[PDB]
Every structure is written in structure tokens, then in C-alpha cells.
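These are the residues of each chain, in order.
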Amino acid sequence: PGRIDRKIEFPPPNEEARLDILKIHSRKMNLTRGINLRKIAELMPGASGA
Amino acid sequence: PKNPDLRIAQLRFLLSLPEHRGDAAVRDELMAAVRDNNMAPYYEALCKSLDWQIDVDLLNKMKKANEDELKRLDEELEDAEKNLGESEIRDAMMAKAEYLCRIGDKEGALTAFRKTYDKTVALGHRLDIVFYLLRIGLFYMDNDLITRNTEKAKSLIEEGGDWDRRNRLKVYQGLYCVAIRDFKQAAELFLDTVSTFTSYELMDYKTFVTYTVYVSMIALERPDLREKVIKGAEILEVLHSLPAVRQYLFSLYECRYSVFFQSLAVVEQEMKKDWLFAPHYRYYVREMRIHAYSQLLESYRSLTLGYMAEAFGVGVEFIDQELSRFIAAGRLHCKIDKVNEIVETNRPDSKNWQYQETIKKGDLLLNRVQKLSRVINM
Amino acid sequence: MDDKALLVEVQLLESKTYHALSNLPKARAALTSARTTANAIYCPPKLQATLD
Amino acid sequence: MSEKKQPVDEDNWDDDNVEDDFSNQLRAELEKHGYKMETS
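What to know about the interface of chain B and chain D
Point 1. With 22 residues of chain B at the interface, the matching set in chain D holds 17 residues.
Point 2. Approximately 1,900 Å² of surface area, both sides summed, lies buried where chain B meets chain D, with 58% of it carried by carbon and sulfur atoms.
Point 3. On the chain B side of the interface with chain D, the three residues burying the most area are B:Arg286, B:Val314 and B:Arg325, jointly 30% of the side's total.
Point 4. Applying the counting criterion to the chain B and chain D interface returns two salt bridges.
Point 5. Where D:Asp21 meets B:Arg286, a salt bridge forms, and the shortest distance between an N and an O atom there is 2.9 Å.
Point 6. Where chain B touches chain D, the interface holds five residue pairs in polar contact.
Point 7. Taken together, the elements giving at least two residues each to the side of chain B that touches chain D come down to α17 (257-271), α18 (281-297) and α19 (316-327) of chain B.

Re the side chain of B:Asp182
Residues and elements named next belong to chain B.
Point 1. Relative to the helices and strands, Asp182 resides in the loop between α10 (174-178) and α11 (185-189).
Point 2. For the buried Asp182, no salt bridge is present, and the opposite-charge side chain at shortest range is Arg181, 9.9 Å distant.
Point 3. With near-sequence residues (within four places) excluded, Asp182 lies in contact with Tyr176, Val215, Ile218, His280 and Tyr284.

Describing the sheet that holds strand β1 (residues 302-304) of chain B
Residues and elements named next belong to chain B.
Point 1. Judged by pairing direction, the sheet is antiparallel, and its three strands sit side by side in the order β1-β3-β2 without closing on themselves. Looking at which strands have only one partner, the edges of the open sheet turn out to be β1 and β2 (334-335).
Point 2. Inspection of the sheet shows β1 paired to strand β3 (residues 342-345) by three bridges, in the antiparallel sense. Bridge pairing in β3 places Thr304 opposite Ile342.

Things to note about empty space enclosed by the protein
The method is simple in principle: a probe with the dimensions of a water molecule rolls over the atoms, and the space it marks as empty is what remains.
Point 1. Counted as a void, the largest cavity has a volume near 170 Å³.
Point 2. Residue lining of the largest cavity: 17 residues in total, with B:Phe261, B:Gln262, D:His33, D:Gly34 and D:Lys36 positioned closest to the centre.
Point 3. Going through the elements one at a time, α17 and α19 of chain B are the ones with two or more residues in the lining of the largest cavity.
Point 4. It is α17(B) that provides the largest number of residues to the lining of the largest cavity, a total of five residues.
Point 5. Class assignment for the residues of the lining of the largest cavity results in eight nonpolar, five polar and four charged.
Point 6. Within this model, the second largest cavity holds a volume of roughly 100 Å³.
Point 7. What lines the second largest cavity is simply B:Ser216, B:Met217, B:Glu221, B:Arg222, B:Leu225, B:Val229, B:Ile230, B:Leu249, B:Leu252, B:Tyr253, B:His291 and B:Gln295.
Point 8. Of all elements in the fold, only α13 (216-219), α14 (225-230), α16 (243-253) and α18 of chain B reach the threshold of two or more residues within the lining of the second largest cavity.

Observations concerning the side chain of B:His291
Residue and element names in this part refer to chain B.
Point 1. Mapping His291 onto the fold places it in helix α18.
Point 2. The class for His291 is buried, based on a relative accessible area of 10%.
Point 3. Among all residues touching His291, those that are not within four sequence positions of it are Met217, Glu221 and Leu252.

As for the layout of surface pockets
All names here are of chain B.
Point 1. For the second largest pocket, the calculated volume is near 550 Å³.
Point 2. The set of elements that each furnish at least two residues to the lining of the second largest pocket consists of α7 (123-139) and α9 (166-169).
Point 3. Here the element with the most residues in the lining of the second largest pocket is α7; it accounts for five residues.
Point 4. Class assignment for the residues of the lining of the second largest pocket results in eight nonpolar, six polar and six charged.

Reading the values: rules and limits
- These residue numbers run from 1 along each chain by written sequence and may not equal the entry numbers. Residues without coordinates are not shown.
- Think of it this way: whatever chain is written first is A, whatever ligand is written first is 1, and the rest follow in order.
- Part of a larger assembly is what these chains represent; accordingly, every value refers to the shown part.
- As a rule here, side-chain values cover all heavy atoms of the structure and leave hydrogens and water aside.
- Residues with missing side-chain atoms are left out of burial classes, side-chain pairs and their counts.
- Contacts are residue-level and defined by heavy atoms, with any inter-residue pair within 4.5 Å sufficient.
- Simply put, the buried area is the total loss of 1.4 Å probe accessible area from both parts when two parts are fitted together.
- In the sections that follow, a salt bridge refers to a side-chain nitrogen of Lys or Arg positioned within 4 Å of a carboxyl oxygen of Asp or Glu.
- Identification of polar contacts relies on pairs of N or O atoms within 3.5 Å, with a donor-acceptor requirement for protein atoms, meaning one able to donate a hydrogen and the other able to accept it, and with residues adjacent in sequence counted only if both atoms are side-chain atoms.
- Helix and strand definitions follow DSSP, with helices as H or I runs of at least four residues and strands as E runs of at least two, each counted in order from the N terminus.
- Relative accessibility decides the category of a residue: with a 1.4 Å probe and only protein chains considered, values under 20% of the type maximum give buried, values over 50% give exposed, and everything between is partly exposed.
- By the counting scheme adopted, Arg and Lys are positive, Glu and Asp are negative, and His together with the chain ends is not counted.
- Pairing between strands requires that DSSP locate at least two bridges from one strand to the other.
- Grid points spaced at 1 Å over the protein atoms alone were grouped into cavities, where a 1.4 Å probe fits but cannot get out, and pockets, open sets with protein on both sides within 12 Å along at least five of seven lines, with lining residues defined by an atom within 4 Å of a point.
- Grid points are joined across faces, edges and corners, and a volume is the space filled by probe spheres set on the points.
- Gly counts as polar in this scheme, as do all residues outside two lists: the nonpolar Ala, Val, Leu, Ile, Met, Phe, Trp, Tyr, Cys and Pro, and the charged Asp, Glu, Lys and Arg.

Right, dumping it as C-alpha cells:
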């Protein structure tokens, strides 16, 4: 810790956090109606996020 | 409600101006008007249709009871419960506003609309109010209502929410059909036909197919008409149902002109039963006849009109008088002839068309810099 | 449901009638869904040639 | 800028282009335009 002061992890995102990543890349994507991103976010048991 | 509501505006028109068309329209409108508690907007129709009948007082106490049932509902609501916006005060007070379009006239409905638009922050509920102004402005064809709220829809609302605007893509050019824009804008944005659920926002589907196919053959003849309406697939499903419309199409494309007029006379007679009708019927047929003449006089430079006596219909003198009106009209670029009886054509060339355009664009800019040079220098 | 061999019949029979109503790309998508459905059956011993 | 020569000065929304060309020639377009065929 004389050299590197901050060690910062990056865990795989939560179900609340997989929703927000999904909203950013589906922003310019054009969805119709009757569609639930939270159901799709629950279809990823521990996705990477990328 | 308001979802099948535009059939009424058809039966208002269809009963009114043809008085000979007055047998079955009055039979299923007055019973439909005593249904749904329709009380305000038919007094004008009751002046033009049959005289009077006293169920007015019976439905007035019915229209007052449903008014008073919702009156005591939302005054107790606004005086006890104090959460606002898109809350219970909102949907009760729009139920007053939905009541005054379904039953009442526009005036109580529009002042409830402009009151409830100033209260809300969710633009989807704002756009639904603008959906309601656009529909009641389409009933009474108010040209000043529609110029406002379409600008509300484009500018003031639709920078956000998405794919409920395709409902208005059917409306912006449905208003272009009731105007004289039967030429290019209506055919351009009726071209996306994939919205099939016969809703309030999608008022009918099969008649929408007939509307988008009538307007389509004036925008373009052969700068690839055939890809969008002939090679198009989902348009070809529903015109495979309707036998006369597909016959009306393929007579024009496959160049069978005798059966084309038999289809065209049926279309003009079927055109008469429309409610956005006033710019159609004189202007549509006269444009489609000179439309078919331009491609027929194309590929030829020496046509005898005796060849048009049987490969076209009949009536040697009838072709003669109709070409004579069209050549004198500044259109239909050919020259009709007597006793040789040979319709001779003429067209510009590369040099002749490019000089006729530059002689006009040059003089317009020359007259433009006449004024500009004299605005300056005193 | 859970039964599978009846799906391959109704996916293929719709791909007939969308082609019969001259809708080419929707009959394409119904046939492609019939292909990926037909990859998990004991035997289509005659329905294979009907599909092919 | 008064020039001392002034003193006097789809309803019909694009009507005059239609009207200068065709006026009143049996606009139902069937009784003679579609009914030539009794002659032949």
C-alpha cells in the first residue's frame, strides 16, 4: 500500500443492476409495447454485464 | 365510447347530402343514438333527418343521473383525497371528459381537456389527451384544432416515448387525404402498413388497405410502384381477399385498358360513399384517366385512334373529345389529328428539357436579385 | 404444452397457407421455426419428407 | 406606401385549377363515360 492505495473489485451485476445496463444499450433500440425488461433481466442467473 | 366512433361521422354524411341515400342509414343510426346515451350532438341531425321524437326527456334524466353520479364522485374525491397528477382525481375527471365526448358536445369536453392537460406531468397521459383532441377535431373537421395539437404531438411531446407515434403516422396522412394532398405525402406514410389491430388508434384495417392502395397510384407510376405494392407481401395478403381491388391494380400494371375502366367506374361509384369525400370524386377519375393515357402514348410515336376504338373500349368520337380537352389543358404531350386519323406525339429531349428548366430557374433568380440590388443602395 | 410432434405439424401447415396466401417472408419464418422444432423428435419417419 | 391608385381594395381550397379545366360535364363519369357500350 505504498504503491497502490485503492483496490477496487467489479462483481457481476445484480438483478437491479442488470436492468440498468439493459436500459442503456436498448435506448436507441426501438421496442414496440407489451415488453418487460425485468423478466428478461431475471433470465440471466449471473450474467457478466458485457 | 370513442373507439368505433367514426362510423357515426360516416352516417352523418351519408344520410345528409344524398337524400336518395336515406333508407337504411336512419334505421341503424337512431337506434344507435338512443344507445350509448348519445344526447347532445344529434339535434343538428334531428333537424336534417326526421322531425322529432320524445325520448329526449327520457335520456335527459338518464344523462343527468350519470352526470350527477360522477359529479358527487369527483367532488367528494377532490375534497377528501389530496394526491394529484395522474391520480384518482385525474381519471375521475377525465371520465367526465370521456363522458362529454361520448355523450355531450365538444365544448364541455374541450374545456375539460385543456384543464386536465395543465395538471399532468406524464407525457403519455398528455399525449392521450392530444389523442382525444385529434379525434374530436376529426369528427367535426375543425381545421384549427388539428393544426395546433399535431404541433403539440411532434414538437411538444414526441422527443421521448416511442411507437405510439405510428398511430399518428396513420393520422397525419389521413388528414392529408381530407386535404388535397392525395398525391405524395399520404402515399408516403401509409406505406408502413403493419398495424393491424382494429383499434381506436387503428380505426379499421381492411378499409385502410383500400385507402393506401387508391392513393398509391398517383405518387408514382413506374419509379418502382411494383416493389412497394405489387412485390410487397403483407399488402398482397389482404388484396387477395378483395377481388375488385386487385383487378383494379393489375389492369393498370399489366396494361389491360378495357377492363381498367370497368374497374374504375366501380371505384368512382364506391368512392361516393365516403366521409372525407369532397376532394375525391371529381379530381380522382380525371387524374387517373390522364394517368393511363401517358403510359399508353408512351412507347408509340404514331398511333392511329382507330386502334384505340377497340383495344381501349369503344367510342371513336369519345377518345377524340377527351384527348382534345387534355391537350388543350396544357397536359398530355401529343398532337391529335383529323383525316389521317393518327395521334402524333412530341417530347422534349436532353437539350430541350434542360433548357426549359434553366430558362425558368434563371429568370426567377434574376428577378430575385433585381429586388435585392435595390433594397441596398437606397 | 409438452408434446412435441404435433407442433411440427401445425408449424408446417401454417407455412403452407402463408405461402398459399402469397406471403413469402412470413412463410419463411414459420418454416424456420418448424426446422428448429423438428430437431428434437424420436422419428419424423414420414414427416421429414413432408418437411423437406 | 400609398400610391394614390388604391381606393377600392376543401371549400374552394384548390378549386380553380380543377374548374378552369373541367367545369360541369356530368361528373358522375358513368352515364356516358362508362355507358358508351350500348352503342356497340
